[PDB]
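# Examination of the molecular architecture
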2 protein chains.
Amino acid sequence: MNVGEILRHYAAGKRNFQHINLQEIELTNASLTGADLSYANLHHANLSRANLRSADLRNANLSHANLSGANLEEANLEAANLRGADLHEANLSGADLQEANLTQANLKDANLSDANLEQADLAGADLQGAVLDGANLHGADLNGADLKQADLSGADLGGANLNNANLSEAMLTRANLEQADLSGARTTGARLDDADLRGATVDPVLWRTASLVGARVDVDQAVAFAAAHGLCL
Amino acid sequence: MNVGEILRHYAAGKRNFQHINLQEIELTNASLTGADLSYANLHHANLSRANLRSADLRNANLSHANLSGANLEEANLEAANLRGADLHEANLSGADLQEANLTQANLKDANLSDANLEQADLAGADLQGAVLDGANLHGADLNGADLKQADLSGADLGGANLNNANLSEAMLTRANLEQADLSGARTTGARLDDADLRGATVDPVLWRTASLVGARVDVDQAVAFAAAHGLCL
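Rules behind the numbers
- Residues numbered from 1 in each chain as written, not as in the entry; some residues may be left out.
- Chains lettered and ligands numbered in written order.
- Heavy atoms only, no water.
- Helix = DSSP H or I, 4+ residues; strand = E, 2+ residues; numbered from the N terminus.
- Buried < 20%, exposed > 50% of the residue type's maximum accessible area, 1.4 Å probe, protein only.
- Areas by Shrake-Rupley, 256 points an atom, 1.4 Å probe, with all protein chains shown as cover.
- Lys, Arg positive; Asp, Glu negative; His and termini not counted.
- Charge placed at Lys NZ, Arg CZ, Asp CG, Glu CD.
- Contact = heavy atoms within 4.5 Å.
- Buried area = accessible area lost by both parts, 1.4 Å probe.
- Salt bridge = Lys/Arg side-chain N within 4 Å of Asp/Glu carboxyl O.
- Polar contact = N/O pair within 3.5 Å; in protein donor to acceptor, adjacent residues only side chain to side chain.
- Core = buried A, V, L, I, M, F, W, Y, C linked by side-chain atoms within 4.5 Å.
- Least-squares fit on C-alpha atoms.

If you check the PDB entry, chain A appears there as beta1_ex1 from synthetic construct. The title line of the PDB record says "beta1_ex1".

Shown next, in the form of structure tokens:
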């Protein structure tokens, strides 16, 4: 299938497009809300600015697609393959991204307000400046992700892997970090006021760097904290 | 007895002067080492600059005596009554002051290196600038004493009462504060590095003000500390 076909069919009102092969397709600007594209092949595809609101893309191959600026509000991307995809400035508010593959993806300045990223793989992704206010990243992999100035105000990072994340100047206010791993993360000017830290693995450096006004702690943690300030116990 | 008598007798080599009444006596400059003056009455006496090295004064009435600049090195003042005495700049190194009465006394800039002040009463005394390097104040009363810039580097303040002390800019390095009470003390720029704090009662303010590099703590204390920095447990 090609473009003038598919634009036409949708325009008619045909909504099922599952398993279609659209690999490398030029679909910039293309307007495709409520479309069913599950299992569809979109390797290196161009869907820059494409409107995919409430679209179903679950298990779709999107590795290396340009999606810069797409609307994905409320789209179903459960298990969709997004390795290396360009999502800079895309809007994914309310989007379902559970168990989705986002390694190496460019997410700079994108919006994932209230998006479901449960167990998603974001190792090494660029989220510099993005917004995740109230998002679910319970159990996500962020091995090495870049989050300079990203907003996770109120996100579930319960048990998330933040191993070696860049959190420099990140916003973590009232986020849930219970049981998260933050070994190696850069926390310069990061803000964890009111955040829930209980049982998270942290470097001691974090105790000295992150604003922690109202942040919740273990007793093990209290101690950590004390000692990171140089008290002898 | 009067002065020309007593100077004479000592000069001969007479050493016992116990229970003698020398109340209000002018004995400035008077040179009286190894003298036994226990139970002697010296209310409002003038012994400014008097040399009393290794003198025995235990239970002597010294209330309101001028002793400014006296040598009391190694003198025995166990239970001697020093309420309101002027001791500014006096030297009491190695002096025994156990159970002695020092309320309201002027001790500004005096030297009590290694002096024994066990259970002594220093409520409301002025020790602004004094030196107590290695002194024993185990169980002393310092209710309200002024210790601006005083040096207690290494002193036993085990169980001492520091209720409302001025400790502004005091030196407490490797002092023992186990079980001391520091409710109300001013600790601005006070230094408690390597000090032993375990079980002492402190205001939380203290956690924020005193340098605590290497200071020892309880777990209760670790927690205190954390919370004084605003962490929620």
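## Focus: the overall build of chain A
Across its full length, chain A holds 3 helices and 2 strands. In chain A, the succession of helices and strands from N to C terminus is α-β-β-α-α. Projected onto its principal axes, the C-alpha positions of chain A cover 75 × 20 × 20 Å. Every one of the 233 residues in chain A was classed for burial, and the buried ones make up 49%. When the accessible surface of chain A is split by element, carbon and sulfur atoms take 42% of a total near 9300 Å². Positive and negative side-chain charges in chain A, numbering 15 and 31 respectively, have mean positions lying 4 Å apart.

## Let's talk about the interface of chain A and chain B
Every contact between the two is made by 17 residues of chain A and, on the other side, 17 residues of chain B. Contact between chain A and chain B buries roughly 1300 Å² in total, counting both sides, with carbon and sulfur atoms accounting for 72%. Where chain A meets chain B, there are 0 salt bridges. Between the two partners, chain A and chain B, sit 8 residue pairs in polar contact. The greatest single-element share of the side of chain A that touches chain B, amounting to 5 residues, is contributed by helix α3 (residues 219–228) of chain A.

## Some words on the nonpolar core
As a rule of thumb, nonpolar side chains are buried together in soluble globular proteins. Judged by nonpolar contacts, the single largest core of 172 residues is most densely connected at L62, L97 and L137 of chain A together with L62, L97 and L137 of chain B. Put simply, the parts of the chain that give this core at least two residues each are α1 (3–12), α2 (204–209) and α3 of chain A together with α1 (3–12), α2 (204–209) and α3 (219–228) of chain B. Residues in contact with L137 of chain A, not counting those within four places in the same chain, are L117, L122, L132, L142, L152, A155, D156, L157, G158 and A160 of chain A.

## Quick word on the pattern of salt bridges
Under the definition given, this model contains 10 salt bridges over all chains. For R191 of chain B, the salt bridge identified is with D193 of chain B, shortest N-O distance 3.3 Å. On the basis of relative accessible area, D193 of chain B is assigned to the buried category, the value being 9%. Three or more residues are tied together by salt bridges with common partners; here these are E178, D196 and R198 of chain A.

## With respect to the relation of the copies chain A and chain B
With an RMSD of 0.0 Å, the operation that places chain A on chain B is a rotation of 180° combined with a shift of 0.0 Å along the axis. Those values place the two copies in the arrangement expected of a two-fold rotation axis. When C-alpha distances to the rotation axis are compared across chain A, the minimum falls at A222 of chain A, with a value of 2.9 Å. Looking at chain A, 100% of its interface residues are interface residues in chain B too, so the copies touch through the same face.

## Here's the deal with α3 of chain A
In an α-helix, one turn spans 3.6 residues; hence positions three or four apart end up facing the same way. Restricting attention to buried positions, one finds in α3 of chain A the residues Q221, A222, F225, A226 and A228 of chain A. If you follow the buried residues of α3 of chain A, they end up packed against α2 of chain A together with α3 of chain B. Two residues or fewer past α3 of chain A, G230 of chain A is found with a positive phi of approximately 100°.

## Points about unusual backbone geometry
Its identity is not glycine, yet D114 of chain A carries a phi of approximately 55°, on the positive side. On the secondary structure map, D114 of chain A appears in the loop between α1 and β1 (181–182). In this structure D114 of chain A comes out as partly exposed when scored by relative accessible area, which is 48%. In this structure, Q104 of chain B takes a positive phi of about 60° despite not being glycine. Relative to the elements of secondary structure, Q104 of chain B occurs in the loop between α1 and β1 (181–182).

## Some thoughts on the environment of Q119 of chain A
Residue and element names in this part refer to chain A. Within the secondary structure layout, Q119 lies in the loop between α1 and β1. Residue classification places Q119 among the partly exposed positions, given a relative accessible area of 41%. Distance from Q119 to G230, taken between C-alpha atoms, is 37 Å for residues 111 residues apart in sequence. Leave out the neighbours within four places in its chain, and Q119 touches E99, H138, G139 and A140.

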